[PDB]
Structures are given as structure tokens and as C-alpha cells.
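Consider the single chain below, provided in C-alpha cells and representing the form deposited in one PDB entry.
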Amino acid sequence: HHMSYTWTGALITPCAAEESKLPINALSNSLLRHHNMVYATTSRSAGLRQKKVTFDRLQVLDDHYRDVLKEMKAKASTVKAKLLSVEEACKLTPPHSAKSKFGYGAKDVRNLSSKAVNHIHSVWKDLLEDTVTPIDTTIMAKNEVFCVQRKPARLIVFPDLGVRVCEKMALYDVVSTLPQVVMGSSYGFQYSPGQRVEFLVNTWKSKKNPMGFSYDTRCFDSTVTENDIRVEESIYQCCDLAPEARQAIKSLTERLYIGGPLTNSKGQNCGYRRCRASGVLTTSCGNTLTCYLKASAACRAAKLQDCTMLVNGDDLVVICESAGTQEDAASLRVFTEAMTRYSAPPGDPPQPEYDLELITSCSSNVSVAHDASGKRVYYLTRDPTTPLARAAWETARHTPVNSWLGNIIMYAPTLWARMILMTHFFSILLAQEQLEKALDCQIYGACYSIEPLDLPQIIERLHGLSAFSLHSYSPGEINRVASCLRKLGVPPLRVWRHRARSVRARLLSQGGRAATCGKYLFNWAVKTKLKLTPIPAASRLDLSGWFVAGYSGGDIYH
């Protein structure tokens, strides 16, 4: 058997006390009344996830697969990648990333303390000298917030801190550089949300009769086989690399990436992994390469015409030429059969779509609004259910990752981000005078320390000034927002408009950066608008590294 996991029977254990029910404070009801709709996942449901992720994988590899791989390797050979120093690798480590089993923490790593740096050096030497001994990993249940309809906790699998820094030294430059070179415009993590909409729309516009579909692989990490993971290393090895980097990548593949022993928080042996570790540097890059490889081959197998893929890890969308409605449904059944043969069967079956705004990829869809001139403007949005469940949790609880800040960055142009999220959280931050306190959030899986007072500069830079003037959202978009609010017990959009006028007035009264936030962020709320001009600070905003690559699970801080 080629099983994704084997289990001893030891439980997946928490390392802290876990909350499942929505924490409520005095601010909760101003956002959300249906508190019972909102939950966090815990280790109590881990067993249910273990049944989902444990299965036998079969893989039949044909000539389309090897043809695509050979083309990918040829592009990969043009990549020259650098070895990071220990010091460079250390500054990429999140301030609150899990501490070592070996007497030092993430703060120690970032300060380049001699004890951390000495141990990292010893893990590095061990990797160069030993290419066989499985590396230990911890298995944990993630605590994640959702609206009902309950999901079981996702699992996270990660090596010790010293190993994680070693992954960066060996491979940070590779996973940041290689996928765009190999996949070109198909690599999703190179785009901002607006660069993504322009690619999707331009691609849709370059087909006589466009057809698109998203493809949902059931448990993508568990579908990743030893072959798949060895193929990724052969792709990494195509790069021009230093001899120490080649040996470290070989060693990390053999000892960590291919599989290893699973240990709970209590130190007990839980089992063994033979699939993708969800918490290593190469998770995002490995997943994107494996998904693009299999999908590219599956496109050729199905005889899909003029195929453009967009791939973000395990998230896949294809836009192609329609050969007619019946040949489309048929070609999708063959694409799906090919994918299955390659060990990537679907969860939901793929559906062909003939309207761009109806395809969901990366939990997002294109939509249309109008700028300050009446022009039709395409922008990225999503169903706000999960953004709003998480915002409710963050209303009453301090969390490591402020999802609301990251959702405002990613979805600033949206009706729901501007009306609810900006209104709610600027109002909370005004009341606490915490406007200039930097908060952690994540974009494409990497962690960023961000001042909420810098939001005007940031939004202009990523989305343009039009994000501050959009209006006349589509009916379907308005109805999905309004309907989500009713479900969660959120006050309707008229209440938020009334609240934003208050919040705006309050911000301008602070002067300076707060006034800029009031001026730019809430101009949609007043009838007598202000003159919104390019912000000098935005020009100078150092936004390098932001949408280059994906590092979900990769333990990255910028």
C-alpha cells in the first residue's frame, strides 16, 4: 500500500487551551448577532480529519505527463538561485513562530543569538553529512474560524525551528524565483488582486468562445506522492545552485519532504507521513508545481483548446476555447479522469462556465463596479461569510494573524470591505487610540507587520485611486453581500453608511495620517465628496516582495 498516513493511535493533542465558541464582548453585537453561526475548529475533531486525509494513492504516468515535466525542467535550467546565510534566513522568521525543542525561540533566531545560530549551523552540517535519517515533525490541529454550513480541524505538520531556517538557507531563493520562470503568467502568486483580474479578463478576452472552470482536488496534500515530491527535487536541481545547496535540497527531500515520523505536542508518536507536509517551505511551491504539471498534462489528454491555466498552490482555474457546450462537458470528464490517474481526483466535480464572474478561484471571483467617471471597472471580490466570521472573532479576541487587516489589503475595492470592515475596525481603533500600532497579517501565506494608518498609501499602490471611488456594484454582488449579513445577523448596509459618516468625521478630527484615512477610506460615505489626489507617501512605499511568491505553511516574515 501507498498510504498517505499510518497511525499508531496516539491522539493529536493541543498545546494550549482551545476555544470553539465565539468569544463575545461589548463590541460583538455591533457587528454580528447570530453568535452561534460562528465557531473555531479544535483538536477534538482531528480524528475526523485523519479519516479524510488517510487513503491509498495510485499513479499512472503517461507521455503527456513526461512531456510537460521535460518542458518544466528546461525552463527550470534557466534559474540561478542563491544560498542564504544563517543571518539572512533568521530575519525571515516570524517573531511568534514556534520555538525550538533545543532551548531557543523565534525571538532568539531573529536577534541572531549565538545559541540559535550555533544550533542552526549544526542542523546544516547534519543535512550535508546525512541524507537518509527521517527528520522529526510535529502534527497539530489548526484553530480556524468559519461560519456553519462544522468542518473538522485542518492538520499542520512542521519540523523543528532549526530545520525551518535551514530550509530557507537552502531554498528560499528557489521557491521565490523558480515557479514564475517555469510557469510564466500561469503562476498566480506573482499578481496583486488587480493584476489577477487583468490576467483573468485579458485571457477570457483572448478566446473567440471562452470557457473556464475551476478544479477542486480532494485533499491535495494527501494526494501528493513520493514520486511527485522526487519530481519536484529534480526540478529544483535543474537550477544553477551552489554545491552545498544541492546537497541540502537532496537531504531535505529524502529526510523531510518525502515523509517522516509524526509527533504530538505531548511527545508521543502519532504515526508516519508519506505525503506533503503542510508546514514546510516548499509546500506552496511544491503544490503549485505538482498541480501545474498534472493539470497541464490533463489538458493535453482532454484535447482542450488554447488552454491558459492559473495556478495558486492546489488552486486551479483553466480558461480555454469552447468546442461547443457538449464537447466541453465531455472534455472535462476526460481532464478529470486524467487528473485522477495522476493522483488528483476532484472533491467537487468541475463545471464548465461561460460567464467569467461566475468562476471561483482562490475563493474569489471577478466583478464589476464603476469609477468616478462612470467607466466599468473589474476588481476582485469574494463571499464575505468567512471574512465576517473571523472579524467577529477578532472583535473580542487578540489573535496572531489579523485577518481583517489582510482582507482590507486584498479586497479594498469591495462593497463589503469598505462598508463593514473599514468602518468596524477603524471605529474600534479610534476608541482605543491604537491607530498607529502595527498589526500582523498574512498575504499569500507570508507575515507582514502593517500600520493601519498606512492603509491609504497601501491601497492606492495596490489597487489605484479608483478603489476609493467605486460605486454601482452589480446586483448579484450586492445581493450576495446583503444576504450574507442576514445569515450572520450583521446590521444591513444602511447602518454601516450611517456609522462610516461618524467614523470618517472622527478620523479627520485627529489630523495627520488619521485624517488621510478619514478623507480617502470613507469618501464613499458622504454626499459632498473631497478631492482625492495621489499620496506622496504612496510613491515612496517600499512594497517589494509583496506579490512575488506563495509561502503558505512556509514560516515566512517580511
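In this text, the rigid core denotes the largest set of C-alpha atoms whose superposition between the two forms falls within 1.5 Å. Numbering starts at 1 and follows the sequence shown.
This next part talks about the form solved in complex with a small molecule, which is not shown.
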Of 334 to 342, 421 to 429, 78 to 86, 103 to 111, which is the one stretch near the small molecule in the deposited bound form, taking non-hydrogen atoms within 4.5 angstroms as near? 421 to 429
Contact flag, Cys275 vs the small molecule in the deposited bound form, heavy atom cut 4.5 Å: no
Using 4.5 Å between non-hydrogen atoms, is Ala392 touching the small molecule in the deposited bound form? yes
Just checking whether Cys517 would be counted as a contact of the small molecule in the deposited bound form - the rule being heavy atoms within 4.5 angstroms. no
Counting only non-hydrogen atoms and a 4.5 angstroms cut-off, does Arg499 reach the small molecule in the deposited bound form? yes
Which of these residues, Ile135, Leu488, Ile229, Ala302, gets a heavy atom within 4.5 Å of the small molecule in the deposited bound form? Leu488
Interface check vs the small molecule in the deposited bound form: of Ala298, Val165, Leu388, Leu178, the one with a heavy atom inside 4.5 Å is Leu388
Which residue in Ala446, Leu356, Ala417, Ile229 stands out, with a C-alpha shift of 2 Å or more between the shown form and the other one when both forms are set on the rigid core? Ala446
Once you line up the core, how about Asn209: does its CA shift reach 2 Å between the shown form and the other one? no
Can we say the CA of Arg333 moves by at least 2 Å between the shown form and the other one when the core is superposed? no
Would the C-alpha of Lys52 be classed as shifted by 2 Å or more between the shown form and the other one after rigid-core alignment? no
